[PDB]
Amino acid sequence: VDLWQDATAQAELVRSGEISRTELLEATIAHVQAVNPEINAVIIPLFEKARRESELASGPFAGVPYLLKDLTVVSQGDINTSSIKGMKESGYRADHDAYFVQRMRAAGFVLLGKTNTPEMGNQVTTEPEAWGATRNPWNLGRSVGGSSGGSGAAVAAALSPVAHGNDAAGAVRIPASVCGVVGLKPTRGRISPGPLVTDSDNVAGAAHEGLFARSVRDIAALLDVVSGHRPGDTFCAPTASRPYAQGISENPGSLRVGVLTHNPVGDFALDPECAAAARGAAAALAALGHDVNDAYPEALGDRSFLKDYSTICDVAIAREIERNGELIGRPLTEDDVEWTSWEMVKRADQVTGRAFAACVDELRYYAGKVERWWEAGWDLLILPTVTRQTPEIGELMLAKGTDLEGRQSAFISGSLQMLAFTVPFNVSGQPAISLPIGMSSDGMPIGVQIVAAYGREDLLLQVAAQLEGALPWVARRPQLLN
């Protein structure tokens, strides 16, 4: 069984009869057992559940395995740590299935296990104290990005053809860029993170559930599976007229495309190789007939909003520490979490109701400034997913002694460059996808990001499909896989 086939092809091999559900599953489990030890991607294997669901699985993807991030969404009866030391020791297990999980099972997917993440998803690298660092299949001494680093690495190493993750500042797109896979943060309100309400209304709407895959068609199919308004969902996205798996092949025509190949904020230089990858993709779109120009939302030249976002994040983590404490029946202390997280507890205590409300308003205002660019006639923005070369393991984790006065550790220097080009779209809520189109001169994947207007995943997946055909990446594989 060639596990390098995408989810759609793997589903067909089972439907066709070529392969059995047990063969694919067992072939996948064996692969996981052999390769995962080297990357520490899957932290909680669920082979037994995967085996039970496989026998009962039914639908367009019956028998196809997938991985779930151990954050936000939960699976009934399974361990849930959110990479919190105090929670891992408690042996806590969730009592229900998140809507996302139910939707996947009904589609025929089998829950193979959970993937690693930094504590409560508070970093753009995946090196939690609780589970250890997740390493890059392309280079074991390198980070896999974060916070959905385990899912990104898992898919890159073929531990599964698709996986789940979430994105509040680029947590799906970043790991995708760094690990050479496709990562989509859909329009705000596209995918339900319920029935639970976590992270203070999902970080005031900035946190989106996202998807990982190696093909654009797999992403389109996944959207058809997990999208839609569910009871209690705060946000909602515009409805598509046709299923995404069908519209992906439609010709969008010549679109107004703007390309960004420098850091508009001017507080650091965009890595030349990252810029060249985006430029190359822009050239391919021009060759395809689009109206490509050097242009971008002027709002991107401002990152003042990040200060306001950080304040909201302080409150969200603080209350999340509280929520997890309740799950086990006892308050969590400075000894149950990482020092970076505990520091936010104190900061949260100094945030007033009026201040919190003002910060949220600042996000809405910024979102408006950003979206006005599309309002003015532009259809898509092309830009690098990340702005720097991939960091080495350990590089982004700051020593407890370190003094990062006032702001999120992920929003400073080395970490800032990982999320500077992704976070603006968590604020605007626009659909944004990272495609594994580039490679660094030293063999590390470089993602190219495409952003469409609010709710226009249809156009986004259409152009992504064109780029997939113009600059195919399927031929490239991490050294971990020989």
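One-based numbering along the sequence shown.
The PDB entry records a higher mean C-alpha B factor for 310-318 than for its counterpart among 169-177 and 310-318. For the pair 202-210 and 79-87, the mean Cα B-factor is higher in 79-87. Across the residues 50, 420, 451, 446, the deposited record lists the maximum Cα B factor for 50. Within the listed group 217, 407, 364, 230, the record reports its top CA B-factor for 407. Among the modelled residues of its chain, residue 461 has a C-alpha B-factor that falls in the lowest third according to the deposited record.
In this PDB entry, residue 127 carries a Cα temperature factor that places it within the middle third of its chain's modelled residues.
Compared with the other modelled residues of the chain, the Cα B-factor recorded for residue 356 ranks in the middle third. In this PDB entry, the Cα temperature factor of residue 294 sits in the middle third of its chain's modelled residues. In the PDB entry, residue 261 places in the lowest third of its chain by CA B-factor.
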